[PDB]
Amino acid sequence: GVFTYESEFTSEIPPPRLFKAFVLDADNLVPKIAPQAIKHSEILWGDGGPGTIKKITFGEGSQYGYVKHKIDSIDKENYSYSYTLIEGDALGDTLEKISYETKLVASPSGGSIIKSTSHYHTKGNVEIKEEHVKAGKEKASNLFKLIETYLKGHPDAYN
């Protein structure tokens, strides 16, 4: 009853810089690099640690479009991030518990590798739609390629 999807890519920007921006600065990194997807970010629980809850908002239009992220684990030393999503118009009336996992590393060419993964938990006996899970792979991957330019252009970004 759970879906498992993983991705793998790399970048020339350092993972500790993109990590701090993605986890320790996602409140102003996503709404600044891509203001077309998220419009605001306000942690609802804790402050980013495990068990915390972040309320990300979108601005695709007037209709309110936001989601809730529950931090699951973090690796400021390995540059890894893991949280659980509980809200999101994309969950349709079938999905419920969402699991999100992201990991960063370094390559032999100096660049840095980025491994991401996500899961779904539908309530009852239903399944997600490829166009949905597949489209999410581009919404999460494309963003990762936007942050790489964030540090590749901003040598001061939390650095």
# chains A, B, ... in the order shown; residues from 1 in each chain; ligands from 1

$ residues_around --residues "residue 152 (chain A)" --least-positions-apart "3" --cutoff "9 Å" --atoms "only C-alpha atoms" --output "ChimeraX atom specification"
/A:12-14,147-149,155

$ residues_around --residues "residue 83 (chain A)" --least-positions-apart "2" --cutoff "6 Å" --atoms "only C-alpha atoms" --output "mmCIF file with N, CA, C and O atoms, in the first residue's frame"
data_model
loop_
_atom_site.group_PDB
_atom_site.id
_atom_site.type_symbol
_atom_site.label_atom_id
_atom_site.label_comp_id
_atom_site.auth_asym_id
_atom_site.auth_seq_id
_atom_site.Cartn_x
_atom_site.Cartn_y
_atom_site.Cartn_z
ATOM 1 N N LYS A 70 6.454 17.269 7.984
ATOM 2 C CA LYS A 70 6.886 16.849 9.349
ATOM 3 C C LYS A 70 8.320 16.317 9.291
ATOM 4 O O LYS A 70 8.570 15.238 8.793
ATOM 5 N N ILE A 71 9.264 17.068 9.785
ATOM 6 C CA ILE A 71 10.681 16.601 9.741
ATOM 7 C C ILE A 71 10.788 15.174 10.282
ATOM 8 O O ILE A 71 10.207 14.837 11.295
ATOM 9 N N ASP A 72 11.534 14.337 9.617
ATOM 10 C CA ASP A 72 11.687 12.934 10.092
ATOM 11 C C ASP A 72 13.119 12.710 10.572
ATOM 12 O O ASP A 72 13.359 12.060 11.571
ATOM 13 N N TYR A 100 9.145 11.516 2.760
ATOM 14 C CA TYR A 100 10.104 12.174 1.836
ATOM 15 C C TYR A 100 11.533 12.002 2.355
ATOM 16 O O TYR A 100 11.805 12.196 3.524
#

$ closest_residue --among "A:44, A:95, A:104, A:135" --to "residue 11 (chain A)" --atoms "only C-alpha atoms"
A:104

$ residues_around --residues "region 111-127 of chain A" --least-positions-apart "2" --cutoff "6 Å" --atoms "only C-alpha atoms" --output "PyMOL selection string"
chain A and resi 2-12+14-15+94-107+109

$ write_last_selection --atoms "N, CA, C and O atoms" --output "compact mmCIF listing (two decimals), in the first residue's frame"
# COMPACT_ATOMS: atom_id res chain seq x y z
N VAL A 2 2.17 1.08 -0.13
CA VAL A 2 3.08 2.27 -0.13
C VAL A 2 3.90 2.30 -1.43
O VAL A 2 4.40 1.29 -1.89
N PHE A 3 4.04 3.45 -2.02
CA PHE A 3 4.82 3.56 -3.28
C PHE A 3 6.26 3.98 -2.97
O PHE A 3 6.51 4.72 -2.03
N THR A 4 7.21 3.51 -3.73
CA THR A 4 8.62 3.89 -3.47
C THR A 4 9.28 4.45 -4.73
O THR A 4 9.42 3.76 -5.73
N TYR A 5 9.69 5.69 -4.70
CA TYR A 5 10.35 6.29 -5.89
C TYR A 5 11.66 6.96 -5.47
O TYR A 5 11.72 7.68 -4.50
N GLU A 6 12.72 6.72 -6.20
CA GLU A 6 14.03 7.33 -5.82
C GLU A 6 14.67 8.00 -7.04
O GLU A 6 14.44 7.63 -8.17
N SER A 7 15.49 8.99 -6.81
CA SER A 7 16.17 9.69 -7.94
C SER A 7 17.66 9.82 -7.64
O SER A 7 18.10 9.62 -6.52
N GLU A 8 18.45 10.15 -8.62
CA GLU A 8 19.92 10.28 -8.37
C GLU A 8 20.56 11.24 -9.37
O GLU A 8 20.49 11.03 -10.57
N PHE A 9 21.18 12.28 -8.90
CA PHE A 9 21.84 13.25 -9.82
C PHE A 9 23.05 13.87 -9.13
O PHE A 9 23.38 13.54 -8.01
N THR A 10 23.73 14.77 -9.78
CA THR A 10 24.92 15.41 -9.16
C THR A 10 25.01 16.89 -9.52
O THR A 10 24.23 17.39 -10.31
N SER A 11 25.94 17.59 -8.95
CA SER A 11 26.09 19.04 -9.26
C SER A 11 27.50 19.52 -8.90
O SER A 11 28.21 18.88 -8.15
N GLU A 12 27.90 20.64 -9.42
CA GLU A 12 29.27 21.16 -9.10
C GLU A 12 29.25 21.93 -7.78
O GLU A 12 30.26 22.12 -7.15
N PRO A 14 28.70 22.69 -3.83
CA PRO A 14 28.92 21.88 -2.60
C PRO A 14 27.57 21.50 -1.96
O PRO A 14 26.64 22.28 -1.96
N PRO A 15 27.52 20.30 -1.45
CA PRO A 15 26.28 19.80 -0.82
C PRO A 15 26.00 20.46 0.55
O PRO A 15 24.86 20.61 0.91
N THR A 94 -7.10 10.18 -1.67
CA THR A 94 -6.66 8.76 -1.57
C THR A 94 -5.37 8.66 -0.76
O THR A 94 -5.19 7.77 0.04
N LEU A 95 -4.45 9.57 -0.98
CA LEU A 95 -3.16 9.52 -0.24
C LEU A 95 -3.34 10.10 1.17
O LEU A 95 -4.23 10.88 1.42
N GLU A 96 -2.48 9.73 2.08
CA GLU A 96 -2.59 10.27 3.46
C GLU A 96 -1.19 10.54 4.01
O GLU A 96 -0.71 11.66 4.01
N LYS A 97 -0.54 9.53 4.49
CA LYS A 97 0.83 9.71 5.04
C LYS A 97 1.86 9.77 3.90
O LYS A 97 1.93 8.89 3.08
N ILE A 98 2.67 10.79 3.86
CA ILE A 98 3.68 10.85 2.77
C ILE A 98 5.08 10.80 3.38
O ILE A 98 5.36 11.44 4.38
N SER A 99 5.96 10.07 2.78
CA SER A 99 7.34 10.01 3.31
C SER A 99 8.31 10.63 2.31
O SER A 99 8.29 10.32 1.13
N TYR A 100 9.14 11.52 2.76
CA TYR A 100 10.10 12.17 1.84
C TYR A 100 11.53 12.00 2.36
O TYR A 100 11.81 12.20 3.52
N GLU A 101 12.45 11.64 1.50
CA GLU A 101 13.86 11.45 1.95
C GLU A 101 14.83 12.07 0.95
O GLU A 101 14.69 11.91 -0.25
N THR A 102 15.82 12.78 1.42
CA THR A 102 16.81 13.40 0.50
C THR A 102 18.22 13.21 1.05
O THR A 102 18.46 13.34 2.23
N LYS A 103 19.16 12.88 0.20
CA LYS A 103 20.55 12.67 0.69
C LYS A 103 21.55 13.36 -0.24
O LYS A 103 21.36 13.43 -1.44
N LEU A 104 22.63 13.87 0.30
CA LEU A 104 23.64 14.55 -0.55
C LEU A 104 25.03 13.94 -0.30
O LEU A 104 25.31 13.45 0.77
N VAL A 105 25.89 13.98 -1.28
CA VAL A 105 27.25 13.40 -1.09
C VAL A 105 28.27 14.13 -1.97
O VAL A 105 27.98 15.16 -2.55
N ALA A 106 29.46 13.61 -2.08
CA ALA A 106 30.49 14.27 -2.93
C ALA A 106 30.96 13.32 -4.04
O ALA A 106 30.93 12.11 -3.89
N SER A 107 31.38 13.85 -5.15
CA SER A 107 31.84 12.98 -6.27
C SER A 107 33.37 13.02 -6.36
O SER A 107 34.01 13.84 -5.74
N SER A 109 34.97 13.88 -8.83
CA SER A 109 35.40 15.02 -9.70
C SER A 109 35.26 16.34 -8.93
O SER A 109 35.34 17.41 -9.50

$ atom_distance --atom1 "CA of residue 17 (chain A)" --atom2 "CA of residue 29 (chain A)"
11.4 Å

$ select_by_dssp --residues "region 5-143 of chain A" --states "strand (DSSP E)" --output "ChimeraX atom specification"
/A:5-11,38-43,53-58,65-75,80-87,95-104,112-122

$ decode --residues "region 29-152 of chain A" --atoms "C-alpha atoms" --output "CSV table (one decimal), in the first residue's frame"
chain,number,residue,atom,x,y,z
A,29,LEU,CA,15.6,29.5,-0.3
A,30,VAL,CA,12.5,28.0,-2.1
A,31,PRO,CA,10.4,31.2,-2.0
A,32,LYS,CA,13.4,33.1,-3.4
A,33,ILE,CA,14.8,30.7,-6.1
A,34,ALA,CA,11.4,29.6,-7.3
A,35,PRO,CA,8.6,32.0,-6.1
A,36,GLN,CA,6.3,30.4,-8.7
A,37,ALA,CA,5.9,27.2,-6.6
A,38,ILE,CA,6.0,28.3,-3.0
A,39,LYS,CA,5.0,31.8,-1.7
A,40,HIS,CA,5.8,31.5,2.0
A,41,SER,CA,7.2,29.1,4.7
A,42,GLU,CA,6.4,29.1,8.4
A,43,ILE,CA,7.5,26.2,10.7
A,44,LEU,CA,4.5,25.1,12.7
A,45,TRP,CA,6.2,22.7,15.2
A,46,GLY,CA,9.7,22.5,16.7
A,47,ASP,CA,12.0,24.5,14.5
A,48,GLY,CA,13.4,22.1,11.9
A,49,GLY,CA,14.4,19.2,14.1
A,50,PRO,CA,12.8,15.7,13.9
A,51,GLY,CA,9.1,15.9,14.7
A,52,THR,CA,8.8,19.5,13.6
A,53,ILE,CA,6.1,20.5,11.2
A,54,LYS,CA,6.6,23.1,8.4
A,55,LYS,CA,3.7,24.7,6.6
A,56,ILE,CA,4.9,25.5,3.0
A,57,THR,CA,2.5,27.7,0.9
A,58,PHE,CA,2.2,28.0,-2.9
A,59,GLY,CA,1.1,30.9,-5.1
A,60,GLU,CA,0.0,29.1,-8.3
A,61,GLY,CA,-3.1,31.4,-8.1
A,62,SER,CA,-5.7,33.0,-5.7
A,63,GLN,CA,-6.8,29.6,-4.4
A,64,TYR,CA,-4.9,28.7,-1.2
A,65,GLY,CA,-2.3,26.0,-2.1
A,66,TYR,CA,0.0,24.9,0.8
A,67,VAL,CA,1.2,21.7,2.5
A,68,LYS,CA,2.5,20.5,5.8
A,69,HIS,CA,6.0,18.9,6.2
A,70,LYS,CA,6.9,16.8,9.3
A,71,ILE,CA,10.7,16.6,9.7
A,72,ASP,CA,11.7,12.9,10.1
A,73,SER,CA,15.5,13.1,10.3
A,74,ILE,CA,18.4,15.3,9.2
A,75,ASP,CA,22.2,14.9,8.6
A,76,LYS,CA,24.0,18.2,8.8
A,77,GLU,CA,27.2,16.1,8.7
A,78,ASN,CA,26.2,14.0,5.7
A,79,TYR,CA,23.9,16.6,4.1
A,80,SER,CA,20.8,14.3,4.2
A,81,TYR,CA,17.2,15.4,4.9
A,82,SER,CA,14.1,13.3,5.7
A,83,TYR,CA,10.6,14.5,6.5
A,84,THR,CA,7.0,13.4,6.2
A,85,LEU,CA,4.2,15.3,4.4
A,86,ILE,CA,0.6,15.2,5.7
A,87,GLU,CA,-1.1,17.9,3.6
A,88,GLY,CA,-1.0,18.8,-0.1
A,89,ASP,CA,-3.8,19.1,-2.7
A,90,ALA,CA,-1.8,16.6,-4.7
A,91,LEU,CA,-2.6,13.9,-2.1
A,92,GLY,CA,-6.1,13.8,-3.6
A,93,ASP,CA,-8.7,12.0,-1.5
A,94,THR,CA,-6.7,8.8,-1.6
A,95,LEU,CA,-3.2,9.5,-0.2
A,96,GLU,CA,-2.6,10.3,3.5
A,97,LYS,CA,0.8,9.7,5.0
A,98,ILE,CA,3.7,10.8,2.8
A,99,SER,CA,7.3,10.0,3.3
A,100,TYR,CA,10.1,12.2,1.8
A,101,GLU,CA,13.9,11.5,2.0
A,102,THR,CA,16.8,13.4,0.5
A,103,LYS,CA,20.6,12.7,0.7
A,104,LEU,CA,23.6,14.6,-0.6
A,105,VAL,CA,27.3,13.4,-1.1
A,106,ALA,CA,30.5,14.3,-2.9
A,107,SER,CA,31.8,13.0,-6.3
A,108,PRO,CA,35.4,12.0,-7.3
A,109,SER,CA,35.4,15.0,-9.7
A,110,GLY,CA,34.9,17.5,-6.8
A,111,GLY,CA,31.2,18.0,-7.7
A,112,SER,CA,28.6,16.7,-5.3
A,113,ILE,CA,26.1,13.8,-5.8
A,114,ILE,CA,22.4,14.2,-4.7
A,115,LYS,CA,20.2,11.1,-3.9
A,116,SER,CA,16.5,11.8,-3.3
A,117,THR,CA,13.6,9.4,-2.5
A,118,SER,CA,9.8,9.7,-1.8
A,119,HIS,CA,7.0,7.3,-0.7
A,120,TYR,CA,3.1,7.4,-0.6
A,121,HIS,CA,0.6,5.9,1.9
A,122,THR,CA,-2.9,5.7,0.5
A,123,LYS,CA,-5.7,5.0,2.9
A,124,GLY,CA,-7.7,1.9,2.1
A,125,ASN,CA,-6.9,0.1,-1.2
A,126,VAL,CA,-6.1,2.7,-3.8
A,127,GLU,CA,-3.0,3.7,-5.8
A,128,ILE,CA,-1.4,7.0,-7.0
A,129,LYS,CA,-1.3,8.1,-10.6
A,130,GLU,CA,2.0,8.0,-12.5
A,131,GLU,CA,1.2,11.5,-13.9
A,132,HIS,CA,1.2,12.5,-10.2
A,133,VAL,CA,4.2,10.6,-8.8
A,134,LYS,CA,6.1,10.9,-12.1
A,135,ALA,CA,5.4,14.7,-12.4
A,136,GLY,CA,6.6,15.1,-8.8
A,137,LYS,CA,10.0,13.7,-9.9
A,138,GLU,CA,10.4,16.8,-12.1
A,139,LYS,CA,9.1,19.2,-9.6
A,140,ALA,CA,11.6,18.0,-7.0
A,141,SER,CA,14.5,17.3,-9.4
A,142,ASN,CA,14.1,20.5,-11.4
A,143,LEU,CA,14.2,22.5,-8.1
A,144,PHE,CA,17.4,20.8,-7.1
A,145,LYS,CA,18.9,22.0,-10.4
A,146,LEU,CA,17.8,25.6,-9.5
A,147,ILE,CA,19.5,25.6,-6.1
A,148,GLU,CA,22.8,24.4,-7.8
A,149,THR,CA,22.7,27.7,-9.6
A,150,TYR,CA,21.9,29.5,-6.3
A,151,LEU,CA,25.3,28.7,-4.9
A,152,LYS,CA,27.1,28.6,-8.3
